[PDB]
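Two forms of a single protein chain come next, each set out by itself as structure tokens; they are called structure 1 and structure 2.
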Structure 1
């Protein structure tokens, strides 16, 4: 007997400046929605558009592929929730893809001990960018941070790696096991989640 409560578009994020997705949640304290319709228009156009892809981002999502995504242009979007009894509209959301960039974690993190001749031995860390980021043209710029700690230490040690995809750490505790992770952010935007940890045993003769 109730129309839906007021929905809310609570997040948008772009993993690479080329596509983005947004997510909404149904309001509580209304009836169950049988359909949602997300519509939007853009700065400087009057045309209204519907969400072009309700599938790719999973449940309650709108995914904007490359042909629908641009930078430096405000999207003004809203989602309506409807059932047989009535309908309800979210607040309008103003979104610029420029400001919601958050990459996926770096890939292929690998760690090694290297002990060369009368040069300090070191831990050698290596990784790769997330896939589908276009760094080679300079369209995207990625910055990386490493963290590492032994089990039971109260603090992580953090190392800024800038734009490198390998790094050397010198002051390790001989004999200790370390958990190592890596994360990345665009030049301007949000840090990714940390990658899955890799583990390394530092040998005794360090």
Structure 2
């Protein structure tokens, strides 16, 4: 239909075990309720936590988190009784946190030029040891002056080297991560540097 009133603009699970959804009164108007029904199987269900989420949130803890199941949700907001409708599959709603300790290091090989030397580390929330995940990293570097950045895909490897680096300038560098079929992370904080001579 044409209108609809409140929008659920997203859901994001910080690790494939819990998820939060955020709605939005697109309405120029304790008058809202969230109800969901899992895949297939017909019972309606009211939202289970409206505290851990921030206002206009419905947080699904552990008994409510189910893998490989569609979630049919719709906000029921009345004071003006309206609605909308969304299908959320948890495996594709994952968005982790930025990596830690971007350790830069400018190195110096025997006769040739100076190259950088980065190393980083995964965000906290995700525990890879018994491996529910696969992180996918990226790095960007733009020298002080510079306009747009230059992006290198580090892959499943947490270390990296960028050749052809000139004494004369100073750069910035950020690393980032994404779980295999999910969402890119925020850019970690820029660790400035200066190439030697």
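Positions refer to the first chain, counted from 1. If you superpose the two forms and keep the largest set of C-alpha atoms that fall within 1.5 Å, you have the rigid core.
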With the core lined up, does the C-alpha of residue 114 move 2 Å or more between structure 1 and structure 2?
-> yes
Taking the rigid core as the frame, does residue 48 move its C-alpha by 2 Å or more between structure 1 and structure 2?
-> yes
How much does the C-alpha of residue 15 shift between structure 1 and structure 2, in angstrom, given a rigid core superposition?
-> 2.0
